[PDB]
Amino acid sequence: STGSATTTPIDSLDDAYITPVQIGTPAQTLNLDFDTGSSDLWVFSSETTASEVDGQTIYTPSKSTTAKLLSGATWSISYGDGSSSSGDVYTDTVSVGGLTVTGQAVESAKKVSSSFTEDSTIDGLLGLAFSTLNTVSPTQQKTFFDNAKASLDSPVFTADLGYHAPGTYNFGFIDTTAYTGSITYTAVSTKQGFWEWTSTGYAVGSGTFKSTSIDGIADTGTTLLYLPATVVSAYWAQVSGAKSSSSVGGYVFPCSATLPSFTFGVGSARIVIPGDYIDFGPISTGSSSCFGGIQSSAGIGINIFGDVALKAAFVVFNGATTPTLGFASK
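Residues numbered from 1 in each chain as written, not as in the entry; some residues may be left out. Heavy atoms only, no water. Residues with missing side-chain atoms left out of burial classes, pairs and counts.

Section: unusual backbone geometry
Here's step 1: Here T25 and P26 are connected by a cis peptide whose omega angle stands at -10°.
Here's step 2: Topologically, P26 is positioned in the loop between β2 (17-23) and β3 (28-35).
Here's step 3: Following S137, the chain continues into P138 via a peptide bond in cis, with omega recorded as 5°.
Here's step 4: Here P138 shows up in the loop between β8 (124-127) and α2 (144-148).
Here's step 5: Of note, the phi angle at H164 is positive, near 50°, even though the residue is not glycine.
Here's step 6: Within the secondary structure layout, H164 lies in the loop between β9 (156-160) and β10 (167-171).
Here's step 7: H164 gets classed as partly exposed once you look at its relative accessible area, which sits at 42%. (Helix = DSSP H or I, 4+ residues; strand = E, 2+ residues; numbered from the N terminus. Buried < 20%, exposed > 50% of the residue type's maximum accessible area, 1.4 Å probe, protein only.)

What follows is the structure in structure tokens.
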């Protein structure tokens, strides 16, 4: 089997991407944030504290003839940005782009933190990291991809995120029309539960490539590109007036600037992020100071190839017995 679904930016900055997902019988369609950095499929629901729902579409398990309460199961998750959610668990039928999993754990939120409430466009998350990170207790549950894998034509999914435009998540096949050149595959460590890999270096604008190993995670759920302080300083030094602002929480730059591109290495291959992908707009409405899309990972403890990087590529998440990642230009 295969599936194919369009993923759409939530706003004009590509702060996140939402993909429609069918849950239950009859189907209830919710728009979920597909997150290769976590492993829980959780939804706003008829059980979510009413004051914490503000415009989201909710899953109502009592209206699904295939929903079953997973007796005794609870979940609770905290994300890298400080947001969180928790609740109980059902199993139900879940379909993405024509690919159906029966018996998928659907984690129903009883509580969500303010950042989730305040984002009316995101109805929940669909985790695509390794199932070892799933938070359900006392019996850990599998991701949608893990459940689907054996049925897929090939045990892969691909992320093709757009810059200020829709893109595609495919399951079970590689669309050879969606990229240019070849796909370069690189080794993955699953030891921390992430799609963790090592980039071979970077360049800023038209500058020379610096060969240096950068270990980090391919994370569709994270908006920005988080890299070591040395790399990030070298990038922003090429932007007149850019500076790190402790009050704002990272590098800012004059909105009048023209940003240089940023290149990262994948083996001997190179992925070029155009400068305008690094512009996240005014820090507050009407400001002429703009927020940068490349930020330091110092203090995070891990480098994160988030959407800023991934949207410059066609990315293969290969879930073969030994997982690997593939990157192509497009």
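A look at the nonpolar core
Here's step 1: Among the nonpolar cores identified, the biggest contains 69 residues, and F171, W236, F262, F264, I273 and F327 are the most heavily contacted of them.
Here's step 2: Two domains each provide a minimum of three residues to this core, namely domain 1 (5-174) and domain 2 (175-330).
Here's step 3: Not counting the four nearest positions on each side in its chain, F264 is found in contact with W197, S199, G201, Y202, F209, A269, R270, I271, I273, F305, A309 and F327.
Here's step 4: By size, the runner-up hydrophobic cluster in this structure holds 17 residues, among which are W42, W75, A109 and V136. (Core = buried A, V, L, I, M, F, W, Y, C linked by side-chain atoms within 4.5 Å. Domains from an automatic or database assignment. Contact = heavy atoms within 4.5 Å.)

Observations regarding the state of the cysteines
Here's step 1: Taken as a whole and assessed by the stated rule, the structure comprises one disulfide.
Here's step 2: A disulfide bridge connects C255 with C290, and the sulfur atoms are separated by 2.0 Å. Taking the torsion about the S-S bond as the criterion, the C255 to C290 disulfide, at about 105°, is right-handed. Of the two residues, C255 sits in the loop between β16 (250-254) and β17 (262-266) while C290 sits in strand β20 (residues 289-292), which places them 35 residues apart along the sequence.
Here's step 3: For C290, a relative accessible area of 3% gives the class buried. (Disulfide = S-S within 2.5 Å.)

What to know about the side chain of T36
Here's step 1: Its location among the elements puts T36 in the loop between β3 and β4 (41-43).
Here's step 2: Of note is the side chain of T36, whose polar atom sits 2.8 Å from the backbone oxygen of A218.
Here's step 3: For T36, the side chain forms a polar contact with the main-chain nitrogen of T220, separated by 2.9 Å.
Here's step 4: Once residues within four sequence positions are removed from consideration, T36 is found in contact with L128, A129, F157, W195, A218, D219, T220, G221 and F317. (Polar contact = N/O pair within 3.5 Å; in protein donor to acceptor, adjacent residues only side chain to side chain.)

A closer look at the pattern of salt bridges
Here's step 1: For the coordinates displayed, the defined rule picks out two salt bridges.
Here's step 2: Two residues, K330 and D160, come together in a salt bridge whose shortest N-O distance is 2.8 Å. You can see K330 sitting in the segment after β24 (324-328) and its partner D160 sitting in strand β9, a full 170 residues away along the chain.
Here's step 3: Taking the relative accessible area as the measure of exposure, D160 reaches 16% and is therefore buried. (Salt bridge = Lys/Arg side-chain N within 4 Å of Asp/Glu carboxyl O.)

Topic: the UniProt feature "disulfide bond" in the protein
Here's step 1: Between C255 and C290, where UniProt places a disulfide bridge, the two sulfur atoms sit 2.0 Å from each other, close enough for the bridge to exist in this structure.
Here's step 2: A relative accessible area of 30% places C255 in the partly exposed class. (UniProt positions renumbered as here; feature names shortened; annotations may be inferred.)

Let's talk about the sheet that holds strand β18 (residues 269-273)
Here's step 1: A sheet is described by the order of its strands in space; here seven strands give the open sequence β18-β17-β12-β13-β22-β14-β21, paired in mixed fashion. Since the sheet does not close on itself, it has two edges, and those belong to β18 and β21 (294-296), each with one partner. Between one strand and the next, the sheet's axes are offset by a mean angle of 45°, whatever the strand orientation.
Here's step 2: The strands touched by helix α3 (residues 229-236) are β12 (196-204), β13 (210-218), β14 (225-227), β17 and β21; relative to β21, the strand with the most contacts, the crossing angle is about 140°. (Pairing = 2+ DSSP bridges. Axes fitted to C-alpha atoms, helices over the stretch in contact; angles between N-to-C directions.)

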